[PDB]
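All Cβ positions, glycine included, derive from the backbone under ideal geometry; neighbour counts span all protein chains shown. What follows is calculated from the coordinates using simple rules that are stated; it is not laboratory data.
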Amino acid sequence: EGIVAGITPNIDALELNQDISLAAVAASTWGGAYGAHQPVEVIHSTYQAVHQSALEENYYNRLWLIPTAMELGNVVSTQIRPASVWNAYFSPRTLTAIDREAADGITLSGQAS
């Protein structure tokens, strides 16, 4: 009937500030499409296979990294900048840790571990 379309290399590696889009469904196969009823429709079901996809699954289901390169330039006073991350997973993505290297003097206030 229908099993898989693919599109695993494209979307996962595409120009997406997210990744692993529509990945959980791959293992979650299930399937009960086969079968037709007669609500006096006409009943014309042919082939019923898989093909292509939205092709625009962009920016779905993981963290974000808005800042890519910071131009601090000359630092002479206490500066404050925002850092944000957006998780689109239906389940949280817990950060393992923040290995601070040469980052002494940089602190985050109002946030837990």
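Within the range 27-44, one or more residues are farther than 25 Å from residue 110 by Cβ and not in a loop (DSSP other than H, G, I, E, B). Looking across 50, 42, one residue alone is among the aliphatic types (A, V, I, L, M) and surrounded by 10 or more Cβ atoms within 10 Å (Cβ to Cβ). It is 50. Residues being of a type in the set (D, E, K, R) and under 18 Å from the mean Cα position of the chain (by Cα) are represented in the range 3-16 by at least one member. Each residue in the range 56-96 was checked for being exposed (fewer than 10 other Cβ atoms within 10 Å of the Cβ) and at positive phi, and 1 of them qualify. Might you let me know whether the range 61-78 holds any residue that is under 24 Å from residue 4 (Cα atoms), in a loop (DSSP other than H, G, I, E, B) and in contact (Cβ under 8 Å) with a residue 24 or more places away in the chain? Yes: one or more hits. Only one entry in 49, 83, 97, 88 is of a type outside the set (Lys, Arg) and under 21 Å from residue 2 (Cβ atoms), namely 49.
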